[PDB]
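A.B. asks: Got a structure for you, questions after.
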Amino acid sequence: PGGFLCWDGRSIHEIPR
Amino acid sequence: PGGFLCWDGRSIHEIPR
Amino acid sequence: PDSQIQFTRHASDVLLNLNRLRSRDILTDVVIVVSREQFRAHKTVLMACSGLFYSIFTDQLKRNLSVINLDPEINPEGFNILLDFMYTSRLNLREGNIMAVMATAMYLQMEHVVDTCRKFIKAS
Amino acid sequence: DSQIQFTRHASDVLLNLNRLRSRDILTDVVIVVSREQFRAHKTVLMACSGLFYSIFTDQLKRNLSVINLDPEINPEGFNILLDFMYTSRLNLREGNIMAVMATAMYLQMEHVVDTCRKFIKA
Ligand code: NA
């Protein structure tokens with residue numbers, strides 16, 4: 001009962017300008 | 001006479017294994 | 001008028017190429033020591049994905065250090081899972097290592113990964 | 001076993017590399033194009049360009065921190081392609097597409113060259 005997920009949410013921090 | 005294109009083909013060389 | 005072309009798989013192609021460079025040991029500029037194991041990598045990618053590395057290499061006193069020694073409580077397999085994730089976008093999890101992955105992600109300050117681990121645990 | 005693929009991860013990483021470049025953080029090479037200097041990350045240049053890949057894999061040139069391009073190369077054209085490398089966005093005018101194409105040809109960015117080639121037809 002394994003799975004593979006494609007997920008489009010943010011994955012990592014954003015480095016500021 | 002002006003356009004914005006989203007293109008999903010490869011953009012750059014592939015560095016080999 | 002003006003014109004623009006957005007290459008939608010460009011970022012993914014760059015990341016693949018950065019991984020290829022890592023696998024061949026090309027332009028790697030730091031070794032991460034995790035107990036007895038060593039992981040060669042690019043500072044820029046580590047910074048891009050991890051709060052801890054970002055802080056470490058934003059520090060003037062530690063910018064140009066080429067060896068980073070992690071806390072000895074960190075397990076190497078968990079760090080490797082997260083290193084692979086940084087360079088591939090792929091987070092591999094088993095039920096037997098998710099606490100180790102989660103714990104490592106918390107230490108590295110990768111909060112989005114920490115939260116994904118949280119949600120997996122709720123779906124056990 | 002389980003696997004999660006984060007589909008905007010690469011795009012987020014690239015944005016963060018561009019943010020680092022905009023703040024001059026861990027930039028490690030200066031590209032000289034006539035009178036202009038461009039600071040960048042060797043790793044991003046190698047990833048996007050056949051020529052930089054060749055330059056920075058060369059044992060004699062790996063540890064150099066300034067690269068002088070051919071003096072025929074346009075600074076505006078190089079800038080357009082450098083922006084593209086770090087953003088995925090190629091900004092073109094009809095006035096500079098030939099310069100961009102030419103610069104792309106010189107940098108051995110063949111997929112970019114071919115994209116310009118298709119537009120010139122259309
Ligand atoms: Na040259």
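Just so we're on the same page: first chain in the structure tokens is A, next is B, and so on; residues restart at 1 for each chain, and ligands are numbered from 1 in the order they show up.
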Find the residues of chain D in contact range of chain B, meaning any atom within 12 Å when counting only C-alpha atoms, and list them as a PyMOL selection string.

C.D. replies: chain D and resi 43-54+57+81+84-85+87-94+104+107-116+119+122

A.B. asks: Using only C-alpha atoms and all ligand atoms, which residues of the polymer chains come no farther than 9 Å from ligand 1? I'd like the answer as a ChimeraX atom specification.

C.D. replies: /D:51-52,55,67-70

A.B. asks: At a cut-off of 6 Å, can you tabulate as JSON lines every residue of region 5-122 of chain D near region 72-91 of chain C together with its closest atom pair and the distance in Å to one decimal, using only C-alpha atoms and ordering rows by chain then number?

C.D. replies:
```
{"residue": "D:5", "atom": "CA", "partner": "C:90", "partner_atom": "CA", "distance": 4.5}
{"residue": "D:6", "atom": "CA", "partner": "C:89", "partner_atom": "CA", "distance": 5.2}
{"residue": "D:9", "atom": "CA", "partner": "C:89", "partner_atom": "CA", "distance": 5.5}
```

A.B. asks: What does the structure give for the distance between CA of residue 76 (chain D) and CA of residue 33 (chain D), in Å to one decimal?

C.D. replies: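 Those two atoms sit 9.4 Å apart.
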
A.B. asks: Quick one, how far is CA of residue 21 (chain D) from CA of residue 64 (chain C)?

C.D. replies: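 Those two atoms sit 16.6 Å apart.
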
A.B. asks: Need to verify the contact set: region 42-53 of chain C, 9 Å, only C-alpha atoms, exclusion of same-chain residues closer than 6 positions in sequence. Can you return it as a tab-separated table (two decimals) with N, CA and C atoms, in the first residue's frame?

C.D. replies:
```
chain	number	residue	atom	x	y	z
A	11	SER	N	7.66	24.29	-1.61
A	11	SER	CA	8.48	23.20	-1.08
A	11	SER	C	9.59	23.66	-0.17
A	12	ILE	N	9.96	24.93	-0.27
A	12	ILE	CA	11.16	25.45	0.39
A	12	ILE	C	10.90	26.91	0.71
A	13	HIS	N	11.71	27.49	1.59
A	13	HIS	CA	11.58	28.90	1.92
A	13	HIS	C	11.81	29.76	0.69
A	14	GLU	N	11.37	31.01	0.76
A	14	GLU	CA	11.62	32.00	-0.30
A	14	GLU	C	12.70	32.92	0.23
A	15	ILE	N	13.77	33.14	-0.54
A	15	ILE	CA	14.84	34.07	-0.15
A	15	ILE	C	14.35	35.48	-0.52
C	18	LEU	N	22.17	20.63	-12.32
C	18	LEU	CA	22.89	20.83	-11.04
C	18	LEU	C	23.17	19.53	-10.31
C	22	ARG	N	26.65	17.60	-9.38
C	22	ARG	CA	26.89	17.01	-8.07
C	22	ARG	C	27.35	15.56	-8.19
C	27	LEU	N	32.27	21.50	-9.47
C	27	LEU	CA	31.99	22.80	-8.86
C	27	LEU	C	31.34	22.74	-7.47
C	28	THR	N	31.40	21.56	-6.84
C	28	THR	CA	31.00	21.38	-5.46
C	28	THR	C	32.01	22.16	-4.64
C	29	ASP	N	31.50	22.92	-3.68
C	29	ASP	CA	32.28	23.90	-2.92
C	29	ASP	C	32.06	23.78	-1.41
C	30	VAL	N	31.52	22.65	-0.97
C	30	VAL	CA	31.41	22.38	0.44
C	30	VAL	C	31.21	20.88	0.64
C	31	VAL	N	31.74	20.37	1.74
C	31	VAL	CA	31.40	19.02	2.21
C	31	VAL	C	30.62	19.14	3.53
C	83	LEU	N	18.90	15.81	1.01
C	83	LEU	CA	19.83	16.28	-0.02
C	83	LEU	C	19.32	15.88	-1.39
C	86	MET	N	16.45	18.09	-2.34
C	86	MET	CA	16.86	19.44	-2.73
C	86	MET	C	17.24	19.50	-4.20
C	87	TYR	N	17.93	18.46	-4.65
C	87	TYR	CA	18.46	18.38	-6.02
C	87	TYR	C	17.53	17.69	-7.04
C	105	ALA	N	14.64	17.43	8.83
C	105	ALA	CA	14.05	18.63	8.22
C	105	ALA	C	13.85	19.77	9.19
C	107	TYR	N	15.71	20.18	11.94
C	107	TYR	CA	17.09	20.67	12.20
C	107	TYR	C	17.62	21.58	11.07
C	108	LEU	N	17.40	21.17	9.82
C	108	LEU	CA	17.77	21.97	8.65
C	108	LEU	C	16.87	23.19	8.39
C	109	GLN	N	15.74	23.29	9.10
C	109	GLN	CA	14.81	24.41	9.00
C	109	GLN	C	14.15	24.44	7.60
C	110	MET	N	13.62	23.28	7.22
C	110	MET	CA	12.94	23.11	5.95
C	110	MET	C	11.48	22.87	6.30
C	111	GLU	N	10.79	23.96	6.57
C	111	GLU	CA	9.47	23.93	7.24
C	111	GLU	C	8.38	23.33	6.38
D	12	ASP	N	11.01	27.22	-7.58
D	12	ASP	CA	11.35	27.89	-6.30
D	12	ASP	C	12.86	27.98	-6.08
D	13	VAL	N	13.57	26.91	-6.40
D	13	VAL	CA	15.04	26.91	-6.28
D	13	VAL	C	15.65	27.97	-7.21
D	14	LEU	N	15.15	28.03	-8.44
D	14	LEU	CA	15.66	28.98	-9.42
D	14	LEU	C	15.41	30.42	-8.99
D	15	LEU	N	14.21	30.69	-8.52
D	15	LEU	CA	13.89	32.01	-7.98
D	15	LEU	C	14.86	32.40	-6.84
D	16	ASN	N	15.13	31.46	-5.95
D	16	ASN	CA	16.07	31.70	-4.85
D	16	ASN	C	17.52	31.93	-5.33
D	17	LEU	N	17.93	31.24	-6.40
D	17	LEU	CA	19.27	31.51	-6.99
D	17	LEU	C	19.33	32.92	-7.57
D	20	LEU	N	19.63	35.34	-4.74
D	20	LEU	CA	21.02	35.37	-4.30
D	20	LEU	C	21.88	36.20	-5.23
D	25	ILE	N	25.26	37.27	-3.59
D	25	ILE	CA	25.63	36.29	-2.56
D	25	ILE	C	26.13	34.99	-3.20
D	26	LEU	N	27.36	34.64	-2.84
D	26	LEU	CA	28.10	33.50	-3.37
D	26	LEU	C	28.31	33.51	-4.89
D	41	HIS	N	26.76	32.90	-10.83
D	41	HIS	CA	27.16	31.64	-10.26
D	41	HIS	C	27.60	30.69	-11.36
D	43	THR	N	27.81	27.61	-11.50
D	43	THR	CA	26.95	26.43	-11.63
D	43	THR	C	25.74	26.68	-12.51
```

A.B. asks: Could you list, as a ChimeraX atom specification, the residues of chain C having an atom within 12 Å of chain B when counting only C-alpha atoms?

C.D. replies: /C:1-26

A.B. asks: As number ranges by chain, list the residues of region 66-99 of chain C assigned to helix (DSSP H, G or I) by DSSP on the backbone atoms of this structure.

C.D. replies: C: 76-88, 98-99

A.B. asks: Taking the chain letters and numbering used in this document, name the residues of chain A that DSSP puts in strand (DSSP E), as a PDB file with C-alpha atoms, in the first residue's frame.

C.D. replies:
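For reference, selection20.pdb as written:
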```pdb
ATOM      1  CA  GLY A   3       1.856   5.812  -3.095  1.00  0.00           C
ATOM      2  CA  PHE A   4       3.296   8.468  -5.393  1.00  0.00           C
ATOM      3  CA  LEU A   5       2.127  12.078  -4.957  1.00  0.00           C
ATOM      4  CA  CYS A   6       2.600  15.031  -7.283  1.00  0.00           C
ATOM      5  CA  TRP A   7       2.055  18.088  -5.131  1.00  0.00           C
TER       6      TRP A   7
END
```
